[PDB]
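Here is how the chains run, residue by residue.
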Amino acid sequence: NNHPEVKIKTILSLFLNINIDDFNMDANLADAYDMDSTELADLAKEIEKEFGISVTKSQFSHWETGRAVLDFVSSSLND
């Protein structure tokens, strides 16, 4: 539940096959890391598994950057 930035940075780095200290949390995922629709859906399934939360397609469509994923997950865990 705590240090959620480091966990999300780690998850996104592993998912996108990027070195952890090369990952930019404020970069557009589609532009910086060539994220497509299929991958974003797959990322959501990993987030669901790793944190034990639910994610609709409407919710994860707004995951434009790593920071959007972080802030969604943080508020989802507070609920």
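Residues numbered from 1 in each chain as written, not as in the entry; some residues may be left out. Heavy atoms only, no water.

The name given to the protein in the PDB entry is Acyl carrier protein, with the source organism recorded as Photorhabdus luminescens. Looking at the PDB record, one finds the entry titled "AntF (holo): type II PKS acyl-carrier protein".

Undergrad: Pulling in residues and values, what's your account of the packing of aromatic side chains?
TA: Under the counting rule described, the total for this entry stands at three aromatic pairs. Between the aromatic rings of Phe 60 and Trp 63, the centroid separation amounts to 6.2 Å while the plane-to-plane angle is 55 degrees, which identifies the pairing as tilted. The pair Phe 60 / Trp 63 is uniform in exposure class, with both members buried. Put simply, the rings of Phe 60, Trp 63 and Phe 72 pair up and form one aromatic cluster. (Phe/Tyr/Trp six-rings, centres within 6.5 Å; stacked < 30°, edge-to-face > 60°. Buried < 20%, exposed > 50% of the residue type's maximum accessible area, 1.4 Å probe, protein only.)

Undergrad: Help me get a handle on helix 5 (residues 66–78), residues and values and all.
TA: Given a rise of 1.5 Å per residue, 13 residues ought to cover 18 Å, and the 19 Å separating the end C-alpha atoms of helix 5 matches this to within 8%. At its buried positions, helix 5 is contacted by helix 1 (4–16), helix 2 (29–33), helix 3 (37–51) and helix 4 (57–60). Structurally, the start of helix 5 carries an N-cap: the backbone nitrogen of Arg 67 is 3.3 Å from a side-chain oxygen of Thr 65. (Helix = DSSP H or I, 4+ residues; strand = E, 2+ residues; numbered from the N terminus. Expected span 1.5 Å × (residues − 1). Contact = heavy atoms within 4.5 Å. Polar contact = N/O pair within 3.5 Å; in protein donor to acceptor, adjacent residues only side chain to side chain.)

Undergrad: If you had to explain a negative patch on the surface to someone new, which residues and values would you point to?
TA: A surface patch of like charges, here negative, comprises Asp 31, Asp 34, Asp 36, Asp 42, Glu 46 and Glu 50. Among the secondary structure elements, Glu 50 is positioned in helix 3. A relative accessible area of 57% means that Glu 50 is categorised as exposed. (Patch = residues over 30% accessible without salt bridge, like charges linked within 9 Å, V, L, I, M, F, W, Y side chains within 5 Å. Areas by Shrake-Rupley, 256 points an atom, 1.4 Å probe, with all protein chains shown as cover. Salt bridge = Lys/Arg side-chain N within 4 Å of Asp/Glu carboxyl O. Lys, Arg positive; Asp, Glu negative; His and termini not counted. Charge placed at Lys NZ, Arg CZ, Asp CG, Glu CD.)

Undergrad: Which residues make up the nonpolar core, and what values go with them?
TA: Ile 8, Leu 43, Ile 47, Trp 63 and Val 73 are the most contacted members of the largest nonpolar core, which has 23 residues in total. Secondary structure elements with two or more residues in this core: helix 1, helix 2, helix 3 and helix 5. Looking at which element gives the most residues to this core, the answer is helix 3, with five residues. Sequence-distant contacts of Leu 43, that is, excluding residues within four places in its chain, are made with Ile 11, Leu 12, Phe 15, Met 35 and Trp 63. (Core = buried A, V, L, I, M, F, W, Y, C linked by side-chain atoms within 4.5 Å.)

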